[PDB]
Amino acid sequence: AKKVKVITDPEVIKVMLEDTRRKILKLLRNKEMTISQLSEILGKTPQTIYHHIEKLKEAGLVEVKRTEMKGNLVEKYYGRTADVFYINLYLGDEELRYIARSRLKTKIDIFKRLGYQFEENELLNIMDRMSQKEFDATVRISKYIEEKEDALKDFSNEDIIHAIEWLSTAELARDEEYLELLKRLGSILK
């Protein structure tokens, strides 16, 4: 509904991954803002934010909540289509899988940079499987949350988010493959 929204459309997911777009979405949680306000906060130019917002709008991630004649300029106030978004990078989309792997590899550079030694090929595989299991479990429970929103109107989105993590964690805990993957990680990363 409006509190939580699960996204499985590879095209919108791809659009919301962009760095600035992310920051915009994070920002819009505070309240609906205009292209100017976002600009001032993000240290980004108005024209650039305009394009990002346009993209997010076209992706159904944001919408115009109201317009206002701010002096000599009529501006639109944008607000998120949902309080919290949940995505699954493991929806079978080839490009999404490689983005996930691109992200997991960045952290591996960090490990080696920090002095951790290991066989990067094995680690990436173990991280990718664990991450796939985690995304699938989180989508699974966030969907059930999404349909039970009326029963949670009395809770902050932060508490709801953290609750999903626990419920999701309890899920992974019933997955022996996951447990095995978790133990290998403990052996590989030291």
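Each residue number is its position in the shown sequence, starting from 1.
Relative to one another, 127-135 and 62-70 have unequal mean CA B-factors, and 62-70 is the one with the higher figure. Mean C-alpha B-factor is higher over 143-151 than over the other stretch, the pair under comparison being 143-151 and 156-164. Per the PDB record, residue ranking by Cα B-factor puts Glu120 in the highest third of the chain. Ranked within its chain, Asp9 lands in the highest third, by CA B factor from the PDB record. Ranked by C-alpha B-factor against the other modelled residues of its chain, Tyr77 falls in the middle third.
Looking at the C-alpha B-factors along this chain, the one for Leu179 belongs to the middle third. Among all modelled residues in its chain, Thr48 ranks in the middle third by Cα B-factor.
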